[PDB]
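Only one chain is shown below, in structure tokens, and it's the form deposited in one PDB entry.
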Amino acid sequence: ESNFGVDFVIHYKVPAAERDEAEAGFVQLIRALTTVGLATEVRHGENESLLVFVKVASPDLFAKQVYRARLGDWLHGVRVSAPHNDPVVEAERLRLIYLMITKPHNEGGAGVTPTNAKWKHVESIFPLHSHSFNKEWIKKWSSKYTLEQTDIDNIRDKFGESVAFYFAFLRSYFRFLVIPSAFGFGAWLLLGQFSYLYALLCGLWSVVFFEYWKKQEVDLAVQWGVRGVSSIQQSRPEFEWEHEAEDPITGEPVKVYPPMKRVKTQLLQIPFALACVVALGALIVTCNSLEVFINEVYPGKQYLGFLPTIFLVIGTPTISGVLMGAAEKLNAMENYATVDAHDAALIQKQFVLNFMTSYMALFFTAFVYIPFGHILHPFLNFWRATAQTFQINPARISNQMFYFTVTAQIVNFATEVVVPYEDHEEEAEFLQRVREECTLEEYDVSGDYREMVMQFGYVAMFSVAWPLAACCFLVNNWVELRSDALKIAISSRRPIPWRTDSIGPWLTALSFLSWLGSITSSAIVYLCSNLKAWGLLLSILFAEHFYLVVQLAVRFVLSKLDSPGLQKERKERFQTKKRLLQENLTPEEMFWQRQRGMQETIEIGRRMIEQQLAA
């Protein structure tokens, strides 16, 4: 049916082995929720838990909270002026309710942080999905392929701005990946192989897409009223501290952490990255040497020649997940005070690791085995000795790139394909619905961001080897598109509506991938079309400088596109300007007393002209 005004739900698992302090913590949590003005209902949970609903009860405290939040946004420039001296979107009430649920006592709410606080029993605080909206969206989406602006607006109005930003980025990427597809089809059908024109077109498209997405995200931030949200610093509850100090200039009571300890912890990234590089490169070299050996020995010259590469691609997700788990553990150990800084560091680590695992094989095949033709010689001798008991065609990259995309894409498709083949006896349906709702996994969006960034990097720096690859990606994205729509619908719980300004450091990742692709496509074209080194360096010069010039030109052009957000902002500025304008409509002395008025000044001027032109 529909919710009974329930705003947030607390799971609060209660085990029998720690009943006493669990009951004490439940009492403390109920008291802390009641002391801020939040109505509570305990109900019966499942799997030894006590789920409890909470909503806003006292309008005065809620009004104070929204006023404080809007004042904070005004301080950082999110809005124009102060709110009032004493309206709300659907996916905003949940935001302030979660704020008062988790924020400490010194800004109104009561800190019920599931980790920092003593309440170890609290582990999941979540809003509730709209059953009617979910059913309507599943019905409407069951016969739809693409996304429009209306869908993005609905996602904004329902699940905050971060999910809306992710969906807008996904739609823009899918719409811009079409030109890749047509260009690659034309190059594979007409241009031949390793075309410089295709590399130039791919670099131009990458620059255009990056700059257009920058402009589009700025436009969306201006239109959605979330411009400058990243300037707002959100305190991380899990931030451990050892010293409580004051600011020498303002007097912040700050839980300060010695920066030397954080620097020492960050220095552990270098040994970790070096060990990952060494191990993964050794595995890659072993696989490539075994592939070369079996190609030299072997009915299977073409198809049965990239089996090590296929196995490496198949095993790449497992190693990738392990490395992301290790990076997450390291980032948890690496203390951070603010949420945005911790998220940026985690994204940087994950991007570096995924870049490594997903591009080092292609880099070794393209740029390492041509100059360093003896690195795999000991491995070749070892394989020959084991079996007892060499040119390097550049085009090997192309086929390998195919075997690095289609197979993996096909495997993902196959996985999804394989699976299918008392309670008061008055509202118990709602209670059981919440019961399987709290068992859902949290909506994680960084994985899809990273996957699409890796796809963009593939298209940027390696689609020149196999132009059709982008096409495959597009098809995959289409299927993946559906896999995202239901993912937030029933496949995952409702995420907390968080205001965001952009996609984050993924923009910098995309820019770096664009530059590296502009270099790498030209390098591959020169290395495979033919060698003279000076030609390769001149090609790199031309590619990088053309990339920079095209970036500047595209920025200059897009600065004159007249986005709807900018014109809306300037119209609002006009309106407020008119509103404010209509709302508010001794000789030193006698030096200004010889003449005072109109006729006197006129006559002295006439006399001055007379005496000046009379002689």
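Rigid core: the largest C-alpha set superposing within 1.5 Å between the two forms. One rule holds for the numbers: they count along the sequence shown, beginning at 1.
Quick note: we don't show the form deposited in another entry, though the next part is all about it.
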With the two forms aligned on their rigid core, point out which item of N412, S235, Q348, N154 shifts its C-alpha by 2 Å or more between the shown form and the other one.
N412
Could you tell me whether the Cα atom of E544 shifts by at least 2 Å between the shown form and the other one after core superposition?
no
Tell me, please, whether between the shown form and the other one the C-alpha of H129 is shifted by 2 Å or more, with the rigid core used for superposition.
yes
Please say whether, between the shown form and the other one, the C-alpha of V434 moves by 2 Å or more once the core is aligned.
yes
